[PDB]
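take a look and give me a structure for this.
(chains A, B, C, D, E and F, ligands or ions: 11)
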Amino acid sequence: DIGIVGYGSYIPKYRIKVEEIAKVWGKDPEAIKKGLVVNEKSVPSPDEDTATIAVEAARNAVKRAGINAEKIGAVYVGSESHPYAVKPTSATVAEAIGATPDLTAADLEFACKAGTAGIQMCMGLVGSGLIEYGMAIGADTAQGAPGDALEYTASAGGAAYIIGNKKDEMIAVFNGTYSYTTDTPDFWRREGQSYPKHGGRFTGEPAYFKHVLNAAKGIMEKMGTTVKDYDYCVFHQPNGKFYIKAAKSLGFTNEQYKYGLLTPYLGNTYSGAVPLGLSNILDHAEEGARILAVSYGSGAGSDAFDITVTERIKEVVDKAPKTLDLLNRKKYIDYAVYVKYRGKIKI
Amino acid sequence: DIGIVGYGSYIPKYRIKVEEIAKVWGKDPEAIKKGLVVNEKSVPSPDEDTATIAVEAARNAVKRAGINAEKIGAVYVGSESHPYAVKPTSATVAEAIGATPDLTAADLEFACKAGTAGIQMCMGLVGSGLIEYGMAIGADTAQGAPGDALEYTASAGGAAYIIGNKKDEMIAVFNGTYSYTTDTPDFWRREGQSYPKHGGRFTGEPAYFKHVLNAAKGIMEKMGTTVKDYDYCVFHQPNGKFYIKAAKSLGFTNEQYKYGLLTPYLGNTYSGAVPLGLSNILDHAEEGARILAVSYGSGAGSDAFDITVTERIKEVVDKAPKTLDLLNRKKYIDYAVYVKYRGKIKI
Amino acid sequence: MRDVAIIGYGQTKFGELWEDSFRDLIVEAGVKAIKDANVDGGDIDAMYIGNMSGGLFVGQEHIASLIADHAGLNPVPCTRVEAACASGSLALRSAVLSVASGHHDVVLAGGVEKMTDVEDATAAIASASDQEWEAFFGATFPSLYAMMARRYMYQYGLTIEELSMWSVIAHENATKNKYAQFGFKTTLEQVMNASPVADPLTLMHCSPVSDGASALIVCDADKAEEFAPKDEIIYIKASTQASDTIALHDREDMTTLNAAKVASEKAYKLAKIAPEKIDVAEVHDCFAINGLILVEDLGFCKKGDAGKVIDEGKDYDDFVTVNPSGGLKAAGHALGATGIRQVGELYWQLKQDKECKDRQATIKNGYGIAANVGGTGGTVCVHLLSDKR
Amino acid sequence: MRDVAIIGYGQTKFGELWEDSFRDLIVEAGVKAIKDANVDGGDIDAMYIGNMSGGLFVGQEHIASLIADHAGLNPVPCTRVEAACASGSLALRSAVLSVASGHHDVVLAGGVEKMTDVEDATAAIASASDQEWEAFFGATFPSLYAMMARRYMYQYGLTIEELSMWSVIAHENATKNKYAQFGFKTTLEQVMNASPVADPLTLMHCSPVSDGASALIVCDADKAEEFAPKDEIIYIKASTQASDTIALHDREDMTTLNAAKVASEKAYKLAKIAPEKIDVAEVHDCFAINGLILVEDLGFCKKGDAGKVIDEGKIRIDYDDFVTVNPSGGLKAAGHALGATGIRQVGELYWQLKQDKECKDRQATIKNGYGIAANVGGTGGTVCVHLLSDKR
Amino acid sequence: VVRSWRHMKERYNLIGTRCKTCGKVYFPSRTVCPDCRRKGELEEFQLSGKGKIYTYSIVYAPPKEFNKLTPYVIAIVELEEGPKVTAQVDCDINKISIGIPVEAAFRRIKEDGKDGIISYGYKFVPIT
Amino acid sequence: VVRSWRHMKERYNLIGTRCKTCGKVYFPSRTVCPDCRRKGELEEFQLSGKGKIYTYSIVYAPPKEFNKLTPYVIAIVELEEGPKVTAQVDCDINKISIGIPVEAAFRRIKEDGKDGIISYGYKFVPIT
Ligand SMILES: [Cl-]
Ligand SMILES: [Cl-]
Ligand SMILES: [Cl-]
Ligand SMILES: [K+]
Ligand SMILES: [K+]
Ligand SMILES: [K+]
Ligand SMILES: [K+]
Ligand SMILES: [K+]
Ligand code: NA
Ligand SMILES: [Zn+2]
Ligand SMILES: [Zn+2]
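Numbering: from 1, shown residues only, chains lettered A, B, ... in the order given. Ligands and ions are numbered 1, 2, ... in the order given. Please see the structure below:
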């Protein structure tokens, strides 16, 4: 009934290795790589932001859908780094893809789950017949606090999904969705401050794992499924460790979770993390493959999805750049140039 | 098949008259009152913010709906003044009404249209059968720049709407919805800045009226209607003058637009403006009444709604405070106490 | 001057307990201790609580009133005793002296700590050092004990491998402990290659920040037979305490804890036994080196030789058994409760309780000793238990 | 179970002592107590210290090790005991029980507090309340006791004038005390018209923030004879303690302190005397109302009548037919160094019963030779009572 | 931060516990019933936010954070179900008196500086 | 804040006390001589900032404030006069060893956040 008709991704070209950050701050890089299961992260060009990344991903999704953007009836951008405090990214993206003016739009906020929240909104609008196609994007240019452990994982990227009703155009089908949400102060940022604050070890078991695992078990109960019913999986990935712990807890093997894990070479792109991992799965998946996708946001909340791939997948994969190709087209930079680009130098 | 099963509103108790602001800045209060069609505005208590206002409105909507909040499958809060930069209001609201944990949520941003964006999202999820009930809130504690003209109108308030599928439970029914969206830099705020910036007289014809009138014309064309088919109307109301100009341009009379206009004594509550105006219409409307509701947000976009009132309305209106009762329970303050409350004094 | 015995012991799990509140913890420990001792709530005549953190973890002082209130035991007298990481043992000793005095017959001695609620625990654990002359200059609590390890290595030639074996043993022992924070085996290489905190110590040498609570029911030796079988009663032969300089730099010798020598010697005298008669010992090994030093100061081996006797791992039938539960590093170190837990382990070991069934030490003589240290050595409290009165 | 006595008492001045450091303070009190008791440093077998703030004022925990170290008495055991404003009395009771046990013969019980070093003392004093359910919501410590006064006024008809008379007496008594923080006369109007802190309380009803230290030397009743003459030895007939709900809202009746009734009754029972035999009493009057309530809970008058007693001045030294309350000026006028107050309370009874020259100008009449002290932690969650006599 | 999360359902929704054994409602929720202790069996219980002022005070010189509110009313409210709580009252200082009926309200209680977490909870409003 | 002011002469100038009775120099200054206690009579004494490393450690993960310094050397210096102090050493990680001669230096030790006071005091520097 409801499915993905097209999807697209974008990652900028600059990277920075853990070695380059630790060198400056006087830490052991090998300990960090092993502790976090992270090697390097992405860095946006100083002329790039969430809007531009969202546009790249949106335009790529249109190529794969093969539709006329004028037909898109809603555009939703989920982010933590909207270029304005008050001016919608989503409007800029619609204008940049030619979707304007006959559509609704909104900018979404819910930590790193903002991106997947928009998918559920589009599913509703398409399923109810209120629109013909909807676009949900998740994109971020995350910034980690200098000297803090989040600086090793805070990266830039995004992915877009177009939702539709036409079986001939669906590359994947939603079987069901479920969400787990509570009020959890694991991670936050106040309006004045430059970088967020967090509860350290509270971000784990009572927040990420509580919500990611409750969302996963919940949708499997709703769907009457077990881990074995699924071919691939993707969880939120603030670091490699959390991802693998969650995946192994639920009974997934490496073959099932490998494609969804991008953080070790991409970093944590926040609201683009699961959207990007999902896209890498779709670049590899075959007809009939069944996917479990579960996001997480501090706040807190998780969005779970149960998706089945169709035969159309192989018609569209090459209609836009593949997430792995984007991830490997890279130029390395050191910490000085990194903080210059990211605007981390006082003036 | 889709309708409003319950609604609720909240306004804080403090007010400030135009005279108290003009006195301080050396301006003619009568010229302002006549120019903007505004007499006074609302002011939140220093222990009040968008979250508390949203909870008040949500709780009132639950009373009118007469349902178990556990059944709510989505909570969306639209605002410009979320108390955190990164931590979702919607989660706090869900916890405060007992909707958690089996629900999705998101915080919405799109200037003063954020609130109505959530209504459309709830419409989609309920119509599609993905949830049984969804809640859409629009609330703000606006802050105008000291000395600027927006300080005469920037007020606090909010309203909540619960969307449902069951005719027996509907107090109003959605006949249709339509949205007009472009990229327009009429009003914005950058992450660092305390107060927004704007294009002055660019905010009028090319932005507010362009989008409000195209959206209003759009839904009437979609619905096959004329101004004569509607009993009541409510437009975005940054001041009284824009509202009335828009209403008269389309051909609505005072009797049609009078109820939706609250700014003259409430101020502009931004994402709560139209939700609150719509709620006053519902506090007065009778069975069969047809309403045209069109919001506006800068960036820019408008959300239009075509709604018909049902027989159940009289059963619920008194189940919670009426928007006029909240608006008229008030205590006046002077400018010194106002800037103290609003945190406008450098400290 | 009455003889005092132990009739019950209760303990929560030690670790990162997010859901369990500070209140939920002390209750769970108290009810377990009450239930094991076969006493009613009304039978408690007084309580003695240890909690170093108090108002630095949560901002709550006056914890005694809070604990008595929420345990439901009002109006029983409740008292807080504080000596940094030695608060647990100090609460026990206070409880012991109150039974010996005749003013109370049945007294609960417990300790509780809620370290996870603070964002940064270092500032609290650094409270046990001199704030003006150690912390102020940037000497973190692990860095102080590291400087002890460096000086000990300088004087006695201890190698990092010898020190690291202490941690391998502890973790192996902790896999047999249900209440231990860490239940995984490790290796020498994993210990030595772990991330460093303060040279020469690594994360695998340092004890973690821990939530937990533990409680004992102490009773008059004669009345004890009223609640417990004569079989399951353990007698407190000695409860001694001593003092040393608070700052490490003011110590006469940094390789030894004089307060432990003073306290342990006094306990051995009162019990009229020698170190050779101890079957099980529980020592304060928050940073491993501290475990080695205490094994010497209690008289189990010569100064400077601890590294050599531990390398052989002295399963071993003819040597004292140290930290059967995993010690502070592996079992967990909830500051206020540690001193209580230490003794509760000796109680289990000497009464051959099921709880320590999988980690049961051989008991030829029927004696156990515990050494609880506050900070870098400023306070040491020793407890000597026996199966015989 | 040995009988315990007091052989020496020492005290610093209570007030804003900028010169004197926290370490420097406890020493001065310890040396004075050692000198008064005619003992050497080596004669001390153990120490028990009270301090509520500890890590809130200075960031320093483990104060026991610090105090023993800098007093020079290492390796004697030193122990910190805490119960908010009652830490002093608890330190004494711990010391008493350690002597009675036979493990120590001579023990120092002292308390110290350095409240001036913190920018805002409120947060520390609020520690004695429930942080999650009282402080969190903005109930300041003076506001809690003010809500007690309000309920007491509601039930028994106490008038603000009657409450204010407690403050007038306290300050008059404090002029006779060299160690008092405030040595000035006041009037009813000055008390009532002082700046308000928490309705109905005024700044002249509330005790101030104080630095100070005080120490006692307690000893086995028989051994006492070798250091002191049989005159000037005071015997501890009873050292009792009780508990109540930490939060005022959880109290069954907020107009009384059950833990004081429980503790005082137990003390009277052990000493085999009635309230009518008490010649001088030291009560915890950090906010005046607390002085009236304790006068009732200790049994000196019927509930609700404390106001009538204060207006007539029966608690005054000059008044002969009634017990004499807070001859030193109490917490309000003499000063309230949280950790040392419980020790100081007892030190005054020691002087009063031994007719020491320290309290010569405030000497109460001693018909029977008994004194009692009531030390309260927070709003009443912990109460410790000590009953002294000139007779063993 | 973690402590607020543990008591959110109590501060937001006034959800306490009822001991089945004796029937007494407890708020804030208690781990153990003081009257039955071990024999007590506690159940979840939703309180109505309605109560009456039992006693009160007016705070004239509070800590600096409360500068906007000063002078504010603090009170102990007796809830209809039985328990008493300490909380502020949103009314003028000349309108508070013992016995005044009040009603709980979700309000912003505290904030941990400009960078830290905002803490919400109950404040009481008089009802006419 | 007040506690820094009291110890400024010790932290800035290394001014301790010498007990006449036994002659032992004490730093930090002590109110009472531990060996003579009462019979000790203390006099003001100016120490030379010279000493040797007695023991040391390298702090690899300190609190956030020290992020610029990390990893730093912490040591106990035995001063020529006798006393030992705890302080940081301005040298490279691979240059610290027991017995190295050092010399005190006036340095910025800590700062109480962005708004609070700056505290200065001694840090040790190697000789040649
Ligand atoms: Cl926006
Ligand atoms: Cl029981
Ligand atoms: Cl001496
Ligand atoms: K459908
Ligand atoms: K925002
Ligand atoms: K639900
Ligand atoms: K048993
Ligand atoms: K009374
Ligand atoms: Na009298
Ligand atoms: Zn019960
Ligand atoms: Zn000397």
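
C-alpha only now, for contacts and for neighbours.
Noted.

name the residues of chain E found near chain A, please.
Counting by CA under 8 Å from any CA of the partner chain, chain E comes close to chain A at E:1-2, E:5, E:114-117.

tell me which residue is most central in chain C.
Per CA atoms, centre = their mean, the C-alpha nearest to the average position across chain C is that of residue C:339, at 3.2 Å.

now do the contacts for it.
By CA atoms under 8 Å, 6 or more residues apart in numbering or on different chains, residue C:339 lies in contact with C:85-90, C:92, C:111, C:372.

recalculate using a threshold of 7 Å.
With contact set as CA atoms under 7 Å, 6 or more residues apart in numbering or on different chains, residue C:339 has these partners: C:86-89, C:372.

is it within a helix or a strand, and which one?
helix C:335-351 (DSSP states H and E).

residue A:248 too?
helix A:240-250.

which residues in chain E form strands?
E:15-19, E:25-26, E:42-46, E:50-59, E:72-79, E:84-89, E:101-111, E:118-126 (DSSP state E).

out of those, nearest to residue B:221?
For those, proximity to residue B:221 was assessed by CA to CA; strand E:101-111 is nearest, at 43.3 Å.

quick one: strands adjacent to the closest one?
Under the criterion DSSP bridges, strand E:101-111 sits next to strand E:50-59 (antiparallel), strand E:118-126 (antiparallel) in its sheet.

that older thread, any chance of the strands of chain E in TSV, plus mean neighbour count and distance to ligand 8?
Shown next, in TSV, are the strands of chain E (neighbours: other CA atoms under 10 Å in any protein chain shown; distance: least, CA to the ion, whole Å):
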stretch	mean neighbour count	distance to ligand 8
strand E:15-19	22	30
strand E:25-26	23	25
strand E:42-46	16	33
strand E:50-59	25	16
strand E:72-79	26	19
strand E:84-89	25	20
strand E:101-111	20	27
strand E:118-126	22	29
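
save those strands as JSON lines, and put in distance to residue F:93 too.
Shown next, in JSON lines, are these (distance: least, CA to CA, whole Å):
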{"stretch": "strand E:15-19", "distance to residue F:93": "56"}
{"stretch": "strand E:25-26", "distance to residue F:93": "59"}
{"stretch": "strand E:42-46", "distance to residue F:93": "58"}
{"stretch": "strand E:50-59", "distance to residue F:93": "55"}
{"stretch": "strand E:72-79", "distance to residue F:93": "56"}
{"stretch": "strand E:84-89", "distance to residue F:93": "55"}
{"stretch": "strand E:101-111", "distance to residue F:93": "42"}
{"stretch": "strand E:118-126", "distance to residue F:93": "42"}
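
and residue 101, what is it in contact with?
With no chain named, the answer covers chain A. Listed by CA under 7 Å, 6+ apart, the contact set of residue A:101 reads B:180-182.

if you could check chain E rather than the one you did, that'd help
E:51-53, E:126-127.

nearest to chain F, of the contacts of residue C:339?
Closest approach to chain F among the contacts of residue C:339 (CA to the nearest CA): residue C:86, at 23.4 Å.

right, and the closest one touches residue C:377 too?
No. Using CA atoms under 7 Å, residue C:86 is not in contact with residue C:377, being 9.7 Å away.

same drill for those two, tell me which one is more crowded.
Between residue C:86 and residue C:377, counted using other CA atoms under 10 Å in any protein chain shown, residue C:86 has the larger neighbour count: 33 against 28.
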